[PDB]
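All remarks here apply to the structure that follows.
8 protein chains.
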Amino acid sequence: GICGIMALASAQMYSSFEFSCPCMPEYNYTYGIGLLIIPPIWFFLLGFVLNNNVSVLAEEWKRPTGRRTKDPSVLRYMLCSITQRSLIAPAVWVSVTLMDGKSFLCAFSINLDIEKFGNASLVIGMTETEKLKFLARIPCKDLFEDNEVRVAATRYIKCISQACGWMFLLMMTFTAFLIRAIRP
Amino acid sequence: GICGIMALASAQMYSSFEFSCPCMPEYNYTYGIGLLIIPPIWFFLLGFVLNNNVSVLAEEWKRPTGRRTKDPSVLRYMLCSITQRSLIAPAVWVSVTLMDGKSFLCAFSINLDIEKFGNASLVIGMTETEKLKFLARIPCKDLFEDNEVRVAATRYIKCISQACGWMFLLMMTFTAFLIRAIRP
Amino acid sequence: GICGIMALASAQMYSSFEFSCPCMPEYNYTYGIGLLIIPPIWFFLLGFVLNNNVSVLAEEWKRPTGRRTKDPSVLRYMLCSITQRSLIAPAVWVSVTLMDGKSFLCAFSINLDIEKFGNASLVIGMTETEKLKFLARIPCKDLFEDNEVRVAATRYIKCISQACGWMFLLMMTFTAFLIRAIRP
Amino acid sequence: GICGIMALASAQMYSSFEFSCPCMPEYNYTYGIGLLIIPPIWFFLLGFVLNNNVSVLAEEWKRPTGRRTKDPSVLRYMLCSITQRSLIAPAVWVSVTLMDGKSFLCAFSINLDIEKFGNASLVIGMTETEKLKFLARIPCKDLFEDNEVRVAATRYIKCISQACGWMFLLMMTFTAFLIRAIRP
Amino acid sequence: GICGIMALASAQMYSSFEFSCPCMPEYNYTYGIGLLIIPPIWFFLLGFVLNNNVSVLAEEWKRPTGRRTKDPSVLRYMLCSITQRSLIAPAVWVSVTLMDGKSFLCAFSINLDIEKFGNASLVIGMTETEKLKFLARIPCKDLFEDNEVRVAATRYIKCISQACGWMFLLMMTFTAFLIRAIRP
Amino acid sequence: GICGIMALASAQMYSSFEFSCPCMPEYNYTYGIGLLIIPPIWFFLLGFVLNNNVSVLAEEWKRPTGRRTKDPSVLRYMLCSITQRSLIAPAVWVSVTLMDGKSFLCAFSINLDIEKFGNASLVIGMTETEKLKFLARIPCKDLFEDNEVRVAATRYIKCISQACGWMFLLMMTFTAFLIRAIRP
Amino acid sequence: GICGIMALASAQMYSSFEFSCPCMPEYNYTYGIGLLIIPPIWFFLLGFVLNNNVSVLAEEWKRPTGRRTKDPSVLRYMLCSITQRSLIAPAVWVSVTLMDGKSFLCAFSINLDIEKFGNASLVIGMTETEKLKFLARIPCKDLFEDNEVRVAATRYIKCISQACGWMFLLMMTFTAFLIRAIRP
Amino acid sequence: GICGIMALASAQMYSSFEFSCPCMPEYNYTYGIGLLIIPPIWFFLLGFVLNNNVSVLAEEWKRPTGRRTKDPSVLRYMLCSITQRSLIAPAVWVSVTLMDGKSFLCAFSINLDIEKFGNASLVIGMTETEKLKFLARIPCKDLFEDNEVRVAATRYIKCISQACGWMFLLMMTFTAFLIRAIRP
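Chains as they are written, first to last, in the authors' numbering: chain G, 21 to 204; chain F, 21 to 204; chain E, 21 to 204; chain D, 21 to 204; chain C, 21 to 204; chain B, 21 to 204; chain A, 21 to 204; chain H, 21 to 204.
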């Protein structure tokens, strides 16, 4: 119920989210990786909070030994089962974020090698500080002057991000395959 | 019921609201921060007023001691529970307002350092009064002459506002996590 | 029932209303303030007329003393309660009219000080009659020649109108908060 | 039932009606005032015809004295009540027609004073016949040469028509207020 | 039932009908008046044919005197009542056709006086045959060279057609008013 | 049931059909008249095939005399009644095809007289073979060079096709009027 | 049920199919005729596979003589009846494919005679290999240089394909007419 | 149920997927073939995971011999039946991916022979490394300079991919035809 609702909400919240990459070398990595990390953590704690069966977990965690009516075997089972139920909306966020490649373009555009894409006369005679300030404006469509380099560098990091998007989806599905094959 | 209605109404009222930043240095801060503060206060008092269970709170607050049929333990519990039920539509407003970054762009565009973004020849030979009147027109798209500086300064304060939007959402969710883990 | 219908009708009638500011100094104030005053009075008398419980008020007001089956205590209560039920659609009109700022732009564009916005060479060597005829055409987009002054003066009176729109909404909600806290 | 249907039909028939002002001085007044008068008369006789309770009025009007089973007190009451029920769709027509101001622009554009709006060199050296033929083409957007005079004269008669539209709505609502306060 | 269906079908069939005026003086009058006359005759015979109560009229008309089980008083009543029920979809066609004025523009554009609208130098030195071939192309937007004369002549015959459209609607409604006031 | 379905299907299949007139004099007549004749024949045999009451007609036609349980009076009645039920979707096709006039424009554009429409200098000094190849490209919008002649010739054959469309609808309705007045 | 579903699916799958004619003389015929032949064969085997009554056909075909509970008379009847039920979605595909004429344009544009359409100076002094490579690019809108020849050759093969589309529909309907007139 | 859901989800996930071919010769083949191979493997393991009848397969696979309540004949039958039920959403992906031809264009554009399409003067005097870097940018619309070669090479590999798309659909349907003809 709420698992399918939060999975649809995670894809819908990414669609309405307006990605504003700062295009500065100090704040590209923390913004690009931070939108890959911090909204999954919020969707994970939303999976604890919106599920009202954390309250029964709370009452059987707060009371000391002797008062525990249920054995902790079903407690370990339920806390595990509520984690792998609340691990869908984080995984849907990291799926669609890696499929679009906006965060890999924002975070990893200062690690590129510019000789592979377009003119070799771009960065000639330019210091590492100004070269980092030149490479960082690649995700900004209206701040980069060379359009052919910008489409070449966008397609390179978007295909790598889509490769990591499918390798993440295969590792997640194969993990849930092993979970529903040995544990219940 | 009305909590989900007011949460959807707060996001819908922001979408129909037309943000008109004054682009004057005397009235940028009060308008930009005021749209972050004053509509949450109105949505908080709307959470008291539209909930008709403030009337039973009113009758057990007006009558003096001796006439009180209920002990004030359930009174403290209910006034607390109606506050954390009416703290959703304010929090949805501050969420979407910080996600768009229009108020942080309107209020904090007189605190910028203009050397980081574009031409260094912009503010040379210009007094602090005219420099404040030059920096204040950054949120106004049709009043600013340098477009590359305007997109650079917009993206800088929009990513900082989105960082504060996610840090607010994490602090709010972790607070409600502790509330539903110790109190009921 | 009809309170929510008239509240939605007041917002919908403003959306279909085509604001035609006359852009003349004799008729700006009466048209701009008159659209803020006269449609709330019509929506207030519509709250009396469409509510068929004004007929029972009519019969117990027309008959003299002695024939009055009900005591006037419930009569004062019901006439008060029908006023604060019919004070929603007027308040929704003044809310959305102040949020858009078209009436404050139409009525108060002859009180502006033109040195704050754009060129100081606009009104130089111009008589008070022609200066009033120059300032009055600010709300008319297709009658004003200086576009930068027009957007600056529009944003100034629209933010002031939105400030008065939120101060009206706070004073109205805090008043209805006190009404539902002492009276019933 | 049919009162709300005819009220919605009167607003919908005005929206689909294509206003073709003749822009001739002989036929502006009769067309502009005639669309304000003649469609309310048709909607009034439609309120008699579509209401099948005119047939019982017909049978108790045709038979002479002695055969009248009902006293004429309920006959005066019912003929009055069917008039104030069939006076809604005429009033909705005159409301929306005065709110748009197309008929006041078509009928009263030969009464204007052209010095108030634009160039004083328009009508200089021009006979009353050609001046009437020049002023009459104001509602025709594609027949008038001076666009600034045309928008100024349109906004002047549209705000006056909207003033008469609200004064008509206030006089109609206050009349129906007195009707439902003394008569039943 | 089928009366409201045929009334909506007559307005819908006019909306999907593509008016192709021939713009020739031999065939303007027969096409323009013929679309005002011939589709009402087809909708009138459709009111006889689709109403299956013409079959009982057929059986009591074919059998001679002596075999007639019903007296012809109800036969005159029913044939009259089926005519005034099948006189709605013809009247809706002539209503919307006169409201748009395309047939009056097509049929009566050879009767115009061209001095009233635009340049007097249009028809100077031109024979009655070529003048009829010049006036006939007024309804054709892409065959007439003088656009100001074309909009002036269109608005003249469209307002006259809308005057005859409202005088037809008043004469039809007042006739049906007298029918439902004396006959049943 | 299926009569109204096939009538709506015939109008819908014409709307989705893309009329590609060949614009060659050998194949204009057979294509233009063939789309008026051959799809009505297919819709007529579809009226036999989709109606499953052709099977009972088949069994009482195949068996010789003596085995016929029903007299052939109801057989003549039913085969006639299934023809005039399956004569609606052919008639709807010929109605909408003559209302649009594309087939009369495609088939009869080699019979025109070109002096009536535009320049007399078009076909001067041109052989009957090249004149037939010049007149045949009138329905092709992107193959004809003279646009004023093309709109004049299109409007001439479209009004004649709409005249034959209404004369067909009157002859069909008057025929079905006589059928439902004498036969049942 | 599934017959009407597969018929609607065949028309819908053609509408979403993007026709990419190769415009090479070696692969025009096999692609153009192959899209007319191979998708009907797939829709025919889909009519066997999706119909689960092929399994009962499978069990009474695999078992040898003696074990056959049903006589093969109903087996011949059912295998025939399932073929003429699964011959609808192939026939709908060949219908809409011949109505659009894209396959006849792709497959038969190397058989054309180019003197009939446009300039005779196109193929003069050109070898059969380059003439086949010139004629093959007729279905490709963005690979053919002469647009008037391309629209003339498109309209010629599209009208011939629509002629074969209607002759196929007449031969198919007349065949199904004979089937439902002699066999059941 | 979930088979038709996953089949519609596979076609819908391809429609929302944004194909970003890297247009580099090292990473064209692995990206183009990898999007044909890796998403079918994920949809195949999704057919195991979302079907909860893998848990009963898990319990009867983990327990050793002696504890097996069911014989492994129904185990081989069910594991086979769940594979041919979960082989629909992979097959729908490879169907629509080969129908669009984007992966065959991305993976096989370094194997082309450029003399067949356009100018022979393109690759003259160019090394195999730069020729591979020139041919690889064919799927990139905004990175290839010769548009006529790009449309010719796109149509060549899209028709070959559509040929392999129909040969895959015929081999898959004929295989499922043999499965439902011998096995159950």
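Don't be surprised by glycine CBs; every beta carbon is placed ideally from N, CA and C.
Looking at chain G, which residues of the segment 61-75 of chain H have a Cβ within less than 9 angstroms of any of its Cβ atoms? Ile61, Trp62, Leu65, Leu66, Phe68, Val69, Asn72, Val74 and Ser75
Three-state secondary structure (DSSP) of G:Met44: One-based indexing of the first sequence puts residue 44 of chain G at position 24. In the structure shown, G:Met44 sits in coil (DSSP, three-state: anything other than H, G, I, E or B).
Extent of the continuous alpha helix (DSSP H) run through residue 221 of chain H: In the structure as shown, chain H begins at 21 and stops at 204. Residue 221 of chain H is therefore absent and cannot be evaluated.
Sorted by chain position, which residues of the same chain lie with C-beta nearer than 8 angstroms to D:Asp166's C-beta, five sequence neighbours on each side aside? Taking the first residue of the fourth sequence as position 1, residue 166 of chain D is located at position 146. Answer for D:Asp166: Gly138, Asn139 and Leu142, listed in chain order.
Within the 7 angstroms Cβ cut-off, does F:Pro204 reach chain G? Numbered from 1 along the second sequence, position 184 holds the residue referred to as residue 204 of chain F. Yes, because at least one Cβ of chain G sits closer than 7 angstroms to the Cβ of F:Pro204.
When the Cα atoms are used, what is the spatial distance from G:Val171 to G:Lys161? Walking along the first sequence from the start, residue 171 of chain G turns up at place 151. Walking along the first sequence from the start, residue 161 of chain G turns up at place 141. In a straight line, the C-alpha of G:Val171 is about 10 angstroms away from that of G:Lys161.
May I ask which residues mark the beginning and end of the alpha helix (DSSP H) holding A:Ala78? On the seventh sequence, residue 78 of chain A is found 58 positions in, with the first residue counted as 1. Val74 to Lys82 is the span of the alpha helix (DSSP H), which, as asked, contains A:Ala78.
Going by C-alpha distance, which of F:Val69, F:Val169 and F:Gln104 is nearest F:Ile134? Counting from 1 along the second sequence, the entry for residue 134 of chain F is found at position 114. Ranking F:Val69, F:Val169 and F:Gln104 by Cα distance to F:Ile134 puts F:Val169 first.
Give me the subset of the segment 29-48 of chain A whose CB atoms are less than 8 angstroms from a CB atom of chain H, sorted by chain position. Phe37, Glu38, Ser40, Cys41, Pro42, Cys43, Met44 and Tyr47
Using the three-state DSSP reduction, which class does E:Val116 fall into: helix, strand or coil? As a position in the third sequence, residue 116 of chain E is number 96, starting the count at 1. Helix.
When Cβ atoms are compared, which residues of the segment 142-163 of chain B fall closer than 8 angstroms to chain A? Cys160, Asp162 and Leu163
Using a 10 Å radius around the Cβ and a threshold of 16 neighbouring Cβ atoms, would you call F:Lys178 buried or exposed? One-based indexing of the second sequence puts residue 178 of chain F at position 158. So F:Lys178 ends up on the buried side.
Do you know how far the Cα of D:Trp186 is from the Cα of C:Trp62? Along the fifth sequence, read from residue 1 onward, the residue named residue 62 of chain C stands at position 42. Along the fourth sequence, read from residue 1 onward, the residue named residue 186 of chain D stands at position 166. Those two C-alpha atoms are separated by around 46 angstroms.
Mind checking which residues open and close the alpha helix (DSSP H) that includes B:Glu168? One-based indexing of the sixth sequence puts residue 168 of chain B at position 148. First-last of the alpha helix (DSSP H) with B:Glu168: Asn167 to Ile202.
Starting from the Cα of A:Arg200, find the closest Cα among B:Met26, B:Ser93, B:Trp81 and B:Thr174 and give me that residue. As a first step, residue 200 of chain A is located in the seventh sequence; it is residue number 180 there, counting from the start. When each option's Cα is compared against that of A:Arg200, the closest is B:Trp81.
Closest Cα partner of H:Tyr47 within the set H:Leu189, H:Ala156 and H:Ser93: To locate residue 47 of chain H, count along the eighth sequence from 1; it is residue 27. When each option's Cα is compared against that of H:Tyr47, the closest is H:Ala156.
DSSP three-state label for G:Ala109, please. Numbered from 1 along the first sequence, position 89 holds the residue referred to as residue 109 of chain G. It is helical.
Residues of chain A with CB closer than 8 angstroms to the CB of H:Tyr97, please, in chain order. The residue given as residue 97 of chain H occupies position 77 in the eighth sequence. Per Cβ cutoff of 8 angstroms: no residues; H:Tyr97 is ~15 angstroms from chain A at best.
Quick check on the burial criterion: 16 or more other C-beta atoms within 10 angstroms. Buried or exposed for G:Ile180? Position 160 of the first sequence, counting from 1, holds the residue named residue 180 of chain G. G:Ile180 comes out buried.
Please go through the same chain and pick out, in chain order, the residues whose beta-carbon is closer than 6 angstroms to the beta-carbon of B:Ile108, but skip the five residues on each side of it. For this step, residue 108 of chain B is matched to residue 88 along the sixth sequence. Within the same chain, B:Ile108 has close Cβ partners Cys23 and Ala27.
Apply the 10 Å Cβ neighbour rule to F:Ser40 and answer buried if 16 or more other Cβ atoms are within range, or exposed otherwise. Here residue 40 of chain F corresponds to residue number 20 of the second sequence, with the count starting at 1. With 16 or more Cβ atoms within 10 Å of its Cβ, F:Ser40 is classed as buried.
So, does the CB of C:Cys179 fall closer than 7 angstroms to a CB anywhere in chain D? Within the fifth sequence, the letter at position 159 stands for residue 179 of chain C. Closer than 7 angstroms: yes.
Per DSSP, what kind of secondary structure is D:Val143 in: helix, strand or coil? Working through the fourth sequence from its first residue, we reach residue 143 of chain D at position 123. Here D:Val143 sits in coil by DSSP.
If E:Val69 and D:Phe37 are in contact, beta carbons under 8 angstroms, what's the gap, nearest whole angstrom? Position 49 of the third sequence, counted from the first residue, corresponds to residue 69 of chain E. Position 17 of the fourth sequence, counted from the first residue, corresponds to residue 37 of chain D. Wrong, their Cβ atoms sit about 28 angstroms apart, outside the cutoff.
Could you check which residue in A:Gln104, A:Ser30, A:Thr149 and A:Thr50 has the C-alpha nearest to that of A:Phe128? The residue given as residue 128 of chain A occupies position 108 in the seventh sequence. Closest option to A:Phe128, Cα to Cα, is A:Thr50.
Looking at B:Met44 and B:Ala111, is the spacing between their C-beta atoms short of 7 angstroms? As a working mapping, residue 111 of chain B is identified with position 91 in the sixth sequence. As a working mapping, residue 44 of chain B is identified with position 24 in the sixth sequence. No, these two residues do not count as a Cβ contact at 7 angstroms.
Closest Cβ-Cβ distance between A:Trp81 and chain B: below 7 angstroms? Your numbering for residue 81 of chain A matches position 61 in the seventh sequence. For A:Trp81, the answer is no, since every Cβ of chain B falls outside 7 angstroms of its Cβ.
When the Cα of G:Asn71 is compared with those of G:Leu95, G:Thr195 and G:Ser106, which residue comes out closest? On the first sequence, residue 71 of chain G is found 51 positions in, with the first residue counted as 1. The shortest C-alpha separation from G:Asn71 is found at G:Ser106.
Shorter than 7 angstroms from the beta carbon of F:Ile22 to some beta carbon of chain E? In the second sequence, the residue the question calls residue 22 of chain F occupies position 2. For F:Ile22, the answer is no, since every Cβ of chain E falls outside 7 angstroms of its Cβ.
Which residues in the same chain have their Cβ closer than 7 angstroms to the Cβ of D:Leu95, if we skip the five residues on either side of it in sequence? Stepping through the fourth sequence from its first residue, residue 95 of chain D is reached at position 75. Excluding sequence neighbours, D:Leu95 sits near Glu80.
What is the C-beta distance between F:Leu189 and F:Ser115, in whole angstroms, given that I count them as a contact (C-beta under 8 angstroms)? For the purposes of this step, residue 189 of chain F is identified with residue 169 of the second sequence, where counting begins at 1. For the purposes of this step, residue 115 of chain F is identified with residue 95 of the second sequence, where counting begins at 1. Indeed, because the Cβ distance is near 6 angstroms, the residues count as touching under 8 angstroms.
Could you tell me how far apart the beta carbons of D:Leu118 and D:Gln32 are, in whole angstroms, since I believe they sit closer than 8 angstroms? For the purposes of this step, residue 118 of chain D is identified with residue 98 of the fourth sequence, where counting begins at 1. For the purposes of this step, residue 32 of chain D is identified with residue 12 of the fourth sequence, where counting begins at 1. In fact, because the Cβ distance is near 17 angstroms, the residues do not count as touching under 8 angstroms.
Check whether the Cβ atoms of B:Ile130 and B:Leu163 sit closer than 7 angstroms, and answer yes or no. On the sixth sequence, position 110 is the one that residue 130 of chain B refers to. On the sixth sequence, position 143 is the one that residue 163 of chain B refers to. Not closer than 7 angstroms, so no.
Can you pull the chain F neighbours of E:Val171, defined as C-beta to C-beta under 8 angstroms? As a working mapping, residue 171 of chain E is identified with position 151 in the third sequence. Near E:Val171 (Cβ distances below 8 angstroms), the residues of chain F are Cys160, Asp162 and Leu163.
Compare the Cα-Cα distances from H:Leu56 to each of H:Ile144, H:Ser75, H:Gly67 and H:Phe124 and report the closest residue. If you number the eighth sequence from 1, residue 56 of chain H lands on position 36. Among H:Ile144, H:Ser75, H:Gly67 and H:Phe124, the Cα nearest to that of H:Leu56 is on H:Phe124.
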